[PDB]
Amino acid sequence: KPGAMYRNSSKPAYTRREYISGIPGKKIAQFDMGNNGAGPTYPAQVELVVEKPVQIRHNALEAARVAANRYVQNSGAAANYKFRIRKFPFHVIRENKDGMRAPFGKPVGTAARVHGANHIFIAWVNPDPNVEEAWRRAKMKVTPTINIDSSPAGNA
Amino acid sequence: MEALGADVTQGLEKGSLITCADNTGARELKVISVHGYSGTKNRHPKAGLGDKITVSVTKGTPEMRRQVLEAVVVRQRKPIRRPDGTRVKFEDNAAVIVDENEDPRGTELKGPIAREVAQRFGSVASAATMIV
Amino acid sequence: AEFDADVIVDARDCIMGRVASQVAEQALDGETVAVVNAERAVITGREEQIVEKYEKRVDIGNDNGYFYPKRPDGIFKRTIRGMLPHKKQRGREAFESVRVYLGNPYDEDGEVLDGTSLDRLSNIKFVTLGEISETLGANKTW
Amino acid sequence: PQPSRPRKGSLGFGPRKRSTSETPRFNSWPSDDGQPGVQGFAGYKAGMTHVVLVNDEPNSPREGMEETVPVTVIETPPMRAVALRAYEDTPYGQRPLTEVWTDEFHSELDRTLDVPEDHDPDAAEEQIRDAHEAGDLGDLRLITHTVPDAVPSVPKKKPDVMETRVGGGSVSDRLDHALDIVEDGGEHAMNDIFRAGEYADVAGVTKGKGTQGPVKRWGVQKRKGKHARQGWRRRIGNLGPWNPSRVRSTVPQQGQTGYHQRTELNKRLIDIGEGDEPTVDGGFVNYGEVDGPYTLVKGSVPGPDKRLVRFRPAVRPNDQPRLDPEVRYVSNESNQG
Amino acid sequence: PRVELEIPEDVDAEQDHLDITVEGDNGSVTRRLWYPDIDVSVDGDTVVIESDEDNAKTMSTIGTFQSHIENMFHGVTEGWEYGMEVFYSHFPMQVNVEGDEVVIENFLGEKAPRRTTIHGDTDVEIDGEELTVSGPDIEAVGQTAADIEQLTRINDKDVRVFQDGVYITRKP
RNA sequence: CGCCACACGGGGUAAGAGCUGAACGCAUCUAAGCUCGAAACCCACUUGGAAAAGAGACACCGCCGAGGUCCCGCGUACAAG
RNA sequence: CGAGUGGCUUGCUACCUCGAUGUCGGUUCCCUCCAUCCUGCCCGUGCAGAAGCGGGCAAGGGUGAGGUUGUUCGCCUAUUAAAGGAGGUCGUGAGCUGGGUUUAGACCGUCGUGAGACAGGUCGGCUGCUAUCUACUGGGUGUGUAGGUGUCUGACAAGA
RNA sequence: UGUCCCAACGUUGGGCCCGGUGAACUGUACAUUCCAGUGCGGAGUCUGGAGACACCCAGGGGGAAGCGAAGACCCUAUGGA
RNA sequence: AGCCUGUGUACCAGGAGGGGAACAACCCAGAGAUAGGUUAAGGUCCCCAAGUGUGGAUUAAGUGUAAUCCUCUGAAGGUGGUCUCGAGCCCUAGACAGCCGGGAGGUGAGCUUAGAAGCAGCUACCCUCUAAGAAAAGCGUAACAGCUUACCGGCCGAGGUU
Ligand SMILES: *C(=O)[C@H](Cc1ccccc1)NC(=O)CCCCCN
Ligand SMILES: [Cl-]
Ligand SMILES: [Cl-]
Ligand SMILES: [Cl-]
Ligand SMILES: [Cl-]
Ligand SMILES: [Cl-]
Ligand SMILES: [Cl-]
Ligand SMILES: [Cl-]
Ligand SMILES: [K+]
Ligand SMILES: [Mg+2]
Ligand SMILES: [Mg+2]
Ligand SMILES: [Mg+2]
Ligand SMILES: [Mg+2]
Ligand SMILES: [Mg+2]
Ligand SMILES: [Mg+2]
Ligand SMILES: [Mg+2]
Ligand SMILES: [Mg+2]
Ligand SMILES: [Mg+2]
Ligand SMILES: [Mg+2]
Ligand SMILES: [Mg+2]
Ligand SMILES: [Mg+2]
Ligand SMILES: [Mg+2]
Ligand SMILES: [Mg+2]
Ligand SMILES: [Mg+2]
Ligand SMILES: [Mg+2]
Ligand SMILES: [Mg+2]
Ligand SMILES: [Mg+2]
Ligand SMILES: [Mg+2]
Ligand SMILES: [Mg+2]
Ligand SMILES: [Mg+2]
Ligand SMILES: [Mg+2]
Ligand SMILES: [Mg+2]
Ligand SMILES: [Mg+2]
Ligand SMILES: [Mg+2]
Ligand SMILES: [Mg+2]
Ligand code: NA
Ligand code: NA
Ligand code: NA
Ligand code: NA
Ligand code: NA
Ligand code: NA
Ligand code: NA
Ligand code: NA
Ligand code: NA
Ligand code: NA
Ligand code: NA
Ligand code: NA
Ligand code: NA
Ligand code: NA
Ligand code: NA
Ligand code: NA
Ligand code: NA
Ligand code: NA
Ligand code: NA
Ligand code: NA
Ligand code: NA
Ligand code: NA
């Protein structure tokens with residue numbers, strides 16, 4: 001199904017699992033990548049910033065994350081860097097799959113609500129921004145236009 | 001192909017039953033298609049003297065029957081015009097089964113053949129008894 | 001043949017639309033106008049697109065008909081007619097008191113209207129009505 | 001699926017209405033190559049017979065052999081260029097400038113024209129040369145007419161008048177060539193323009209058939225099978241779709257068929273003679289006997305027997321001329337039987 | 001902007017309107033140099049290219065006009081020459097100059113001669129398996145050389161295998 | 001159902017192949033300029049077309065007479081006309 | 001995974017028509033679209049050649065005949081350069097057809113106590129009207145340009 | 001074996017012109033339209049353009065969501081049989 | 001969804017007149033008759049009343065000349081098309097690019113391997129001459145050769161580069 005159906009934040013927040021059952025599991029594999037044993041003790045810190053409030057289905061999250069981290073193996077399986085996807089798909093989403101009669105849809109998935117200007121991803125690298133490329137690939141698989149932002153890094 | 005050196009009014013159609021002028025064991029042939037021909041809406045694909053047509057065997061030896069073979073039209077009742085204006089027509093419609101190289105599948109051709117057919121199928125001609 | 005024009009305008013190197021707009025306004029004021037050297041009138045823009053528009057107009061049509069001129073002669077005149085209420089009495093009168101010519105059949109050299117001239121030295125993207133007509137298939141009778 | 005299929009009839013010969021002139025009017029002339037010369041001639045259709053010829057084609061596996069060819073006999077007596085018209089180039093195309101007439105007229109040209117009793121040949125000629133000096137002179141053509149009285153088989157005496165272009169070397173040279181022809185008496189013949197073996201374009205008004213239905217007029221089918229017994233036999237299915245809600249001029253409909261002008265291209269002139277050699281026994285049906293200047297055109301020619309037809313050197317030939325073909329036999333067998 | 005091109009002692013360059021002509025012992029070349037607000041003028045001993053604008057598009061043409069003029073200087077004195085080499089693997093290719101166009105026969109066995117018409121006053125002198133295209137108009141010469149090479153172009157089959165043709169061997 | 005006739009070639013382009021060429025000293029088919037290049041486009045060819053309201057041009061005849069309609073014998077024409 | 005375009009399929013909605021806008025399919029006849037099946041001109045190739053595969057421009061023309069089925073669709077055969085798809089009230093019943101769907105007769109299976117029911121099957125089962133306007137194909141009579149005969153021009157229009 | 005390929009010619013009665021006889025259907029008005037748009041979303045009449053001299057004869061029926069029938073389908077009525 | 005169903009408000013319905021091409025509810029505007037005048041929305045090249053108005057800049061696509069909208073599309077993604085503003089570094093002790101010349105030896109390092117010599121793999125990567133020159137960044141060879149990057153010098157002359 002197309003993102004066209006759920007990318008907007010026009011519906012009420014729907015996250016109360018105490019009143020919603022049958023919620024599909026998330027496809028997002030991990031949120032902490034790289035050397036999670038180490039803490040952000042790196043020289044450079046780049047972030048992927050969403051430029052519009054949107055809803056991102058756990059589908060796109062997993063594809064966006066994989067495409068980036070899977071690529072961050074330009075540094076190696078055990079390379080020196082840590083990758084973080086700070087958002088979690090809390091918004092439960094429905095589908096009315098009778099016509100418009102009793103149309104309250106049934107749970108079909110989850111999405112994360114991101115507001116314009118928030119960073120969805122954050123990487124930590126030594127002057128070795130292969131991460132800037134891991135992201136050109138990541139915002140490629142999410143709805144919004146995005147800003148690749150570098151914070152600690154005056155080594156230009 | 002090569003000019004027949006004579007004008008023809010196709011006297012046959014897809015589905016026509018004609019004589020097999022040879023000793024292949026096939027007596028009657030049913031026209032199925034005309035080599036290199038494309039018609040027009042509602043038009044029955046037509047065939048005449050000198051055309052290479054695909055055919056099926058309607059009558060003959062059990063082994064030959066139902067077989068889909070290639071052949072050449074050797075005679076037709078409908079008239080044809082020769083360079084000197086004279087018209088030429090035969091007593092019946094007939095074709096000779098041929099192979100990939102256009103060599104008669106048989107050993108002998110029964111009945112006469114139009115001279116024009118020679119300027120196209122040599123081995124068929126060089127196997128003719130009578131060539132009018 | 002013989003046209004008592006109160007004004008003779010020279011279109012050579014002038015912006016057709018700007019000339020027409022003024023010739024329209026004057027004809028409606030009662031003036032008899034004659035446009036000269038139509039074939040040398042010009043229109044700004046990318047020749048490729050310009051021509052596409054006029055070629056489209058030629059192709060448009062049906063049994064009712066859409067007669068569109070190909071000669072720089074009519075092209076210009078049709079341009080003017082588009083600036084006059086040619087179906088009203090007044091409009092048709094004004095339009096009929098205006099004629100466009102290929103070259104100049106007069107003795108006097110027409111005048112150049114203000115703000116209608118195009119400086120060839122500071123302009124490369126533009127086209128000649130004659131060029132358009134040749135593209136359209138017209139018979140270069142000039 | 002609905003199989004595709006070309007539309008019925010051509011949309012290039014319309015509107016399919018009655019011709020304005022029974023005398024054809026070419027709308028194109030040959031190119032100014034060779035020496036100055038009138039670019040056309042006329043005659044009257046008589047009928048058909050065949051002739052045996054020697055294969056003239058150098059590329060034919062039969063070159064040199066006998067060959068039966070259909071021929072339309074056309075009586076082509078002499079014509080008379082009675083004047084030289086001059087055109088001038090203007091911002092609106094070509095326009096007649098002036099004309100140079102003569103004094104020697106055929107006894108019955110007054111059956112059609114108000115023959116000139118007072119004309120100034122030189123003034124005309126002067127005006128033309130001045131035009132040429134100024135370089136505004138457009139092509140040059142001759143006003144021509146036929147002498148039906150010369151053809152017994154044709155009832156009319158009233159001559160048919162038509163303008164024929166003169167294409168030649170230089171304009172000056174052919175301008176002169178024109179005047180020369182005219183001044184004499186304008187009397188010229190098929191020989192002077194065509195040579196047997198060359199290709200010509202024949203124009204003419206076809207045989208009229210009055211009003212005819214779509215089937216015959218446009219080649220549309222006849223209702224088929226059961227449909228042919230319901231009440232409709234020769235009417236098309238529909239005048240069009242629901243929308244556009246109007247009948248398009250492109251749909252085949254009834255009307256005038258025949259009696260239209262047609263310029264049939266690349267007609268080979270098998271022979272140009274004189275006499276009764278080509279006439280048929282008993283006479284050409286609905287025509288008469290031939291015995292005078294004639295032309296044998298290969299194949300068919302538009303129009304019915306007795307109708308005026310026009311010749312013009314082919315403007316777009318496919319083959320090179322193969323002059324004076326050998327004619328071994330011309331049939332004179334009756335066309336009745 | 002403004003650039004000044006000192007004309008060579010060997011040359012004379014005149015210009016009226018948008019047309020510039022350059023004449024030298026080797027010939028004469030006239031070109032049209034027309035672009036919005038760029039004036040080209042012959043100031044006695046130097047040709048001047050100037051304009052009141054400095055936008056990228058303008059500077060681009062100015063530089064182009066310059067090289068065009070200098071190229072003309074060179075063409076009226078030293079001249080321009082392109083060297084070409086006819087080459088074949090099985091069929092002896094015959095390249096001849098007939099009229100104002102170079103004809104090539106028997107290309108890859110072709111019965112029909114391939115040809116091309118020469119541009120302007122360009123001389124195509126052929127000696128054996130070597131050709132020399134030359135003239136004062138670099139535009140004309142350059143094209144004639146090119147056209148010659150293009151004339152043996154092949155699309156139907158593998159060029160790596162069917163390499164016959166004439167090629168530009170030396171560019172001026 | 002029989003028989004005859006129904007191009008080529010120019011011009012400008014698309015995709016594409018190139019030339020000269022700068023921004024950007026080099027490079028670059030492009031930005032300005034240019035050479036080529038489709039059954040496509042324009043012309044060529046056929047057909048209609050003075051009701052084209054800028055309602056056309058030429059020659060001759062005629063304004064007390066040119067020419068035309070009706071009439072009569074007929075069709076190369078035709079449902080009336 | 002993300003972003004779209006179309007409006008051919010299917011679904012949704014209930015705005016328009018219940019003092020009725022005649023159904024499906026087919027047929028006949030006309031115009032069009034391009035997301036191109038063939039043909040023209042091209043690019044790449046895992047391009048030797050030949051035969052291909054993929055792509056670009058391109059809608060001029062062509063895209064046909066048959067066997068089962070009411071079929072649309074689809075399956076199948078032989079031909080073919082190829083036997084492309086789609087819009088026009090799912091173009092086209094004041095044009096045709098009437099095989100199917102979808103009246104009244106009847107049968108079978110299933111369901112029902114029964115009447116009777118069943119996008120289940122099956123046999124049979126009707127096609128009205130003299131064209132006022134408009135539209136177009138062809139044919140005339142007048143008026144305008146402003147006497148006559150003959151010959152032309154060519155704004156534009158049609159063509160595959 | 002003309003059902004078809006693929007249509008042709010012919011026969012008779014009409015049709016067409018003339019004398020006589022002489023209805024009906026249908027009609028809010030206006031009305032020479034076409035292409036697009038708009039509008040209760042299916043316009044000869046609105047808007048913008050295009051085209052358009054008037055009248056008449058023959059035709060085959062594209063449109064007037066053509067004429068004919070207060071939809072026989074479907075729903076609704078504290079309707080009927 | 002020009003959907004379904006709430007809510008507050010103003011409007012249409014039942015609201016003219018001006019504007020919006022046309023157009024119930026968008027804009028101005030709420031309106032007795034008649035008359036003069038000035039504005040509102042909106043508009044001032046023509047059609048069409050009023051500017052071919054002024055200072056300045058951008059755009060070359062006919063972008064655009066389309067407030068709102070079923071109605072006016074155009075997206076993610078991309079752009080050495082062009083204009084403007086900023087920061088860092090390099091440069092007349094001559095930068096960036098290009099062209100010319102130089103790119104040397106111990107030495108074809110050792111190791112492995114028949115072989116390997118800058119360049120199959122492994123280790124190391126040292127010092128000489130010098131104004132430069134890797135135990136070699138990319139091709140190339142069976143391995144060499146050959147062709148070039150780094151690095152230096154010259155020519156040139158002004159900004160260059162991120
Ligand atoms: C179903 O589609 C019905 C079937 C039916 C109805 C009544 C009687 C017999 C068959 N068909 C219709 O409703 C057609 C309606 C025609 C309306 C035309 N304006
Ligand atoms: Cl077949
Ligand atoms: Cl039209
Ligand atoms: Cl108007
Ligand atoms: Cl410009
Ligand atoms: Cl039918
Ligand atoms: Cl109020
Ligand atoms: Cl525009
Ligand atoms: K209804
Ligand atoms: Mg059929
Ligand atoms: Mg019937
Ligand atoms: Mg006979
Ligand atoms: Mg006989
Ligand atoms: Mg190949
Ligand atoms: Mg209806
Ligand atoms: Mg395309
Ligand atoms: Mg088409
Ligand atoms: Mg339909
Ligand atoms: Mg259809
Ligand atoms: Mg109908
Ligand atoms: Mg009906
Ligand atoms: Mg009826
Ligand atoms: Mg039925
Ligand atoms: Mg049945
Ligand atoms: Mg049912
Ligand atoms: Mg039934
Ligand atoms: Mg009047
Ligand atoms: Mg209107
Ligand atoms: Mg009712
Ligand atoms: Mg019921
Ligand atoms: Mg009851
Ligand atoms: Mg109410
Ligand atoms: Mg005004
Ligand atoms: Mg636009
Ligand atoms: Mg908007
Ligand atoms: Na339900
Ligand atoms: Na994105
Ligand atoms: Na313009
Ligand atoms: Na048009
Ligand atoms: Na009937
Ligand atoms: Na009947
Ligand atoms: Na209908
Ligand atoms: Na061409
Ligand atoms: Na007139
Ligand atoms: Na869409
Ligand atoms: Na109704
Ligand atoms: Na149907
Ligand atoms: Na096509
Ligand atoms: Na089938
Ligand atoms: Na309908
Ligand atoms: Na039907
Ligand atoms: Na019916
Ligand atoms: Na019959
Ligand atoms: Na109708
Ligand atoms: Na109110
Ligand atoms: Na309004
Ligand atoms: Na525009």
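Rules used throughout
- Residues numbered from 1 in each chain as written, not as in the entry; some residues may be left out.
- Chains lettered and ligands numbered in written order.
- Part of a larger assembly, values for the part shown.
- Heavy atoms only, no water.
- Core = buried A, V, L, I, M, F, W, Y, C linked by side-chain atoms within 4.5 Å.
- Buried < 20%, exposed > 50% of the residue type's maximum accessible area, 1.4 Å probe, protein only.
- Helix = DSSP H or I, 4+ residues; strand = E, 2+ residues; numbered from the N terminus.
- Domains from an automatic or database assignment.
- Contact = heavy atoms within 4.5 Å.
- Buried area = accessible area lost by both parts, 1.4 Å probe.
- Polar contact = N/O pair within 3.5 Å; in protein donor to acceptor, adjacent residues only side chain to side chain.
- Nonpolar A, V, L, I, M, F, W, Y, C, P; charged D, E, K, R; others polar.
- Near = heavy atom within 4 Å.
- Pairing = 2+ DSSP bridges.
- Axes fitted to C-alpha atoms, helices over the stretch in contact; angles between N-to-C directions.
- Salt bridge = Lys/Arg side-chain N within 4 Å of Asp/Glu carboxyl O.
- 1 Å grid on protein atoms, 1.4 Å probe; cavity = no way out; pocket = protein on both sides within 12 Å on 5 of 7 lines; lining within 4 Å.
- Points joined across faces, edges and corners; volume = space filled by probe spheres on them.
- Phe/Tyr/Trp six-rings, centres within 6.5 Å; stacked < 30°, edge-to-face > 60°.
- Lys NZ or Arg CZ within 6 Å of the ring centre and 35° of its normal.

The deposited coordinates, according to the entry record, derive from X-ray crystallography at 2.80 Å resolution.

Novice: Explain the nonpolar core to me, please; I cannot follow it from the model alone.
Specialist: Considering soluble globular proteins, one finds that nonpolar side chains tend to be buried as a cluster. By size, the foremost hydrophobic cluster in this structure holds 50 residues, and its most contacted members are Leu-84, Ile-128, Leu-142, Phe-194, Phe-284, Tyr-287 and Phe-311 of chain D. Sort the elements by how many residues they give to this core and strand 2 (residues 41–53) of chain D lands first, with six residues. A domain split of this core shows at least three residues from each of domain 2 (39–77 + 189–206 + 258–337) and domain 3 (78–188) of chain D. The contact partners of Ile-128 of chain D, leaving out residues within four places of it in the chain, are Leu-84, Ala-86, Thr-98, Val-100, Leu-137 and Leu-175 of chain D. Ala-20, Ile-43, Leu-84 and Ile-132 of chain C belong to the second-largest nonpolar core, a separate cluster that totals 31 residues.

Novice: Any chance you could explain the interface of chain E and chain C here in plain terms?
Specialist: The parts lose accessible area when they come together, and the size of an interface is often stated as this lost area. Taken together, the contact pairs five residues of chain E with six residues of chain C. A combined buried area of about 520 Å² lies between chain E and chain C, and 65% of that area is made up of carbon and sulfur atoms. When the buried surface of chain E facing chain C is broken down by residue, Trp-34, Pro-36 and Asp-37 of chain E rank first, second and third, together holding 79% of it. There are two residue pairs in polar contact connecting chain E and chain C. Partitioned by chemical class, the residues of the side of chain E that touches chain C number four nonpolar, no polar and one charged.

Novice: How should I be thinking about the protein's contact with RNA strand I in this particular structure?
Specialist: Taken together, 20 residues lie near RNA strand I, and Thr-145 of chain A, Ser-21, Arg-46 and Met-83 of chain C together with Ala-56 of chain E sit nearest. Each atom of RNA strand I within 4 Å of the protein was classed as base or backbone; sugar and phosphate made up 80%. Here a base oxygen of RNA strand I sits 2.8 Å away from a polar atom, N or O, in the side chain of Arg-18 of chain C. Of all the secondary structure elements, the ones that give two or more residues to the surface near RNA strand I are helix 1 (16–27) of chain C together with helix 1 (56–76) of chain E. If one sorts the elements of the surface near RNA strand I by residue count, helix 1 of chain C sits on top with five residues. When its residues are assigned to classes, the surface near RNA strand I shows eight nonpolar, five polar and seven charged.

Novice: How should the sheet that holds strand 3 (residues 17–20) of chain B be read in this particular structure?
Specialist: In sheet architecture, strand pairing relies on hydrogen bonds along the backbone and comes in two forms, parallel and antiparallel. Residues and elements named next belong to chain B. The strand order around the closed barrel built from five strands is 3-4-6-7-10, with neighbouring strands paired in mixed fashion. Along the sheet, successive strands turn relative to each other by an average axial angle of 55°, direction set aside. Bridge count between strand 4 (residues 26–34) and strand 6 (residues 52–60): seven bridges; the pairing is antiparallel. Residue pairing for strand 6: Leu-29 is matched across the bridge by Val-57.

Novice: In this structure, what is going on with the interface of chain D and chain C? I would like to understand it.
Specialist: Between chain D and chain C, the contact holds eight residues from the first and seven residues from the second. In total, chain D and chain C occlude about 470 Å² of area from one another, counting both sides; carbon and sulfur atoms represent 30% of this. Summed over the shared surface of chain D and chain C, the number is one salt bridge. The shortest N-O distance in the salt bridge between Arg-246 of chain D and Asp-63 of chain C comes to 3.7 Å. Counting across the chain D and chain C interface gives four residue pairs in polar contact. Looking at side-chain class alone, the side of chain D that touches chain C contains three nonpolar, three polar and two charged residues.

Novice: Even after reading the chapter, I still don't get the domain arrangement of chain D, so can you show me in this structure?
Specialist: Residue and element names in this part refer to chain D. Partitioning chain D into domains gives domain 1 (1–38 + 207–257), domain 2 (39–77 + 189–206 + 258–337) and domain 3 (78–188). Taking the mean C-alpha position of each, domain 1 and domain 3 sit 37 Å from one another. Facing the 10 residues of domain 1 at the interface are 16 residues of domain 3. The junction of domain 1 with domain 3 conceals about 1,100 Å² of combined surface from both sides, 57% of it contributed by carbon and sulfur atoms. Broken down residue by residue, the surface that domain 1 buries against domain 3 is led by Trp-29, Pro-36 and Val-38, which jointly contribute 54%. Between the two partners, domain 1 and domain 3, sit two salt bridges. One salt bridge connects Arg-165 with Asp-32, and the closest N-O pair in it is separated by 2.9 Å. The interface formed by domain 1 and domain 3 includes five residue pairs in polar contact. Among the residues forming the side of domain 1 that touches domain 3, the class breakdown is four nonpolar, four polar and two charged.

Novice: What am I meant to see in the pattern of salt bridges here?
Specialist: Pairs can form between side chains of opposite charge once their charged atoms are near each other. This model, assessed by the stated rule, comprises 41 salt bridges over all chains. A salt bridge links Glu-95 of chain A to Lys-97 of chain A, with the shortest nitrogen-to-oxygen separation between them at 3.4 Å. Here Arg-111 of chain D and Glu-108 of chain D are joined by a salt bridge, their closest N and O atoms 3.3 Å apart. The structure contains a network of salt bridges with shared partners spanning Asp-32, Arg-85, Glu-99, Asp-139, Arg-141, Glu-163, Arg-165 and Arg-174 of chain D.

Novice: Would you take a moment to explain the pairing of strand 4 of chain B for this structure?
Specialist: A regular strand carries its side chains on alternate faces of the sheet. All names here are of chain B. Where strand 3 and strand 4 come together, three bridges link them in antiparallel fashion. Bridging across to strand 4, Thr-19 finds its partner in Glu-28. Two successive antiparallel strands, strand 3 and strand 4, enclose a turn made up of five residues, where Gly-25 displays a positive phi of approximately 110°.

Novice: What should I look at first to understand the layout of surface pockets in this one?
Specialist: Take a probe with the size of a water molecule and roll it over the atoms, and the empty space left behind shows itself. All names here are of chain D. When its volume is computed, the largest pocket comes out at roughly 790 Å³. Listed by contribution, the elements that provide at least two residues to the lining of the largest pocket are strand 3 (68–75) and strand 12 (261–275). Looking at side-chain class alone, the lining of the largest pocket contains 11 nonpolar, five polar and 13 charged residues.

Novice: Whenever I open this one, the packing of aromatic side chains confuses me. Can you help?
Specialist: What describes a pair of aromatic rings is the distance from one ring centre to the other and the angle between the planes of the rings. Enumeration over the complete set of coordinates arrives at 10 aromatic pairs over all chains. Above the ring of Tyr-14 of chain A, the side-chain terminus of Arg-94 of chain A is found at 4.1 Å from the ring centroid. The cationic tip of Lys-77 of chain C hangs over the ring face of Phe-95 of chain C; the distance from NZ or CZ to the ring centre is 4.9 Å.

Novice: I'm lost on the protein's contact with RNA strand H in this one. Help?
Specialist: As a structural note, the neighbourhood of RNA strand H is formed by 32 residues, with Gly-65 of chain C together with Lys-224, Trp-232, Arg-234 and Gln-253 of chain D the closest of them. Contacts to RNA strand H include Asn-64 of chain C, whose backbone N or O atom sits 2.9 Å from a sugar or linking oxygen. Between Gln-253 of chain D and RNA strand H, the recorded distance is 2.8 Å, taken from a side-chain N or O atom to a base nitrogen. When its residues are assigned to classes, the surface near RNA strand H shows nine nonpolar, 13 polar and 10 charged.

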